[PDB]
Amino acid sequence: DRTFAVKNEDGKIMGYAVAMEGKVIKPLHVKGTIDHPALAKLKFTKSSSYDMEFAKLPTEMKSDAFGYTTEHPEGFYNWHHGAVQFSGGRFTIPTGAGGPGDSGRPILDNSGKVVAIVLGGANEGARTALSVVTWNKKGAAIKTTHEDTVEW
């Protein structure tokens, strides 16, 4: 288990955190507490520019974390709600497959490596373009935001 619900005070799921490469990572805009004893009270470092916040992964969860890959060839990827196309530098889904509460969910390749973290979606009709965080080969974060993105 490397994906954790972020809960508001009522216990409603607001979005998700992931364990990846020695960090716990979540979208900054997802407000609540991670529903995990080892993770609730960690010290987070916030980056407004990338809509992300991160903490050091507790040494108990060392090995139970996703790997990340910069290999994103065009084609199809996976996430909790089904297929994610990557084409023309954009990740898209059928409109209606994602919405509020899906921020922080990872997009995975078939080997189970993370290629992106979902921030939200811009409704283009049949397709919805996902606003995401990715990392390049230098480990630099990249936020991709589409016109009229809806935060999830």
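All residue numbers refer to positions in the sequence shown, first residue = 1.
**Student:** If you average the Cα B factors in the entry, which is higher, 16-24 or 128-136?
**Tutor:** The deposited B-factors put 16-24 ahead on the C-alpha mean.
**Student:** Determine, for stretches 63-71 and 88-96, which one has the higher mean CA B-factor as deposited.
**Tutor:** Higher mean C-alpha B-factor in the PDB entry: 63-71.
**Student:** Among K113, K31, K46, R105, which carries the highest Cα B-factor?
**Tutor:** Checking the PDB record, the top C-alpha B-factor among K113, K31, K46, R105 is at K31.
**Student:** What's the residue among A83, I117, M52, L57 with the greatest CA temperature factor in the PDB record?
**Tutor:** By C-alpha B-factor in the record, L57 ranks first.
**Student:** Of the three thirds of its chain by CA temperature factor, lowest, middle or highest, which one includes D1?
**Tutor:** For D1, whose C-alpha B-factor we compare with every modelled residue in the chain, the answer is the highest third.
**Student:** Would you check the entry's CA temperature factor for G101 and let me know if it's in the chain's lowest, middle or highest third?
**Tutor:** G101: CA B-factor falls in the middle third of its chain.
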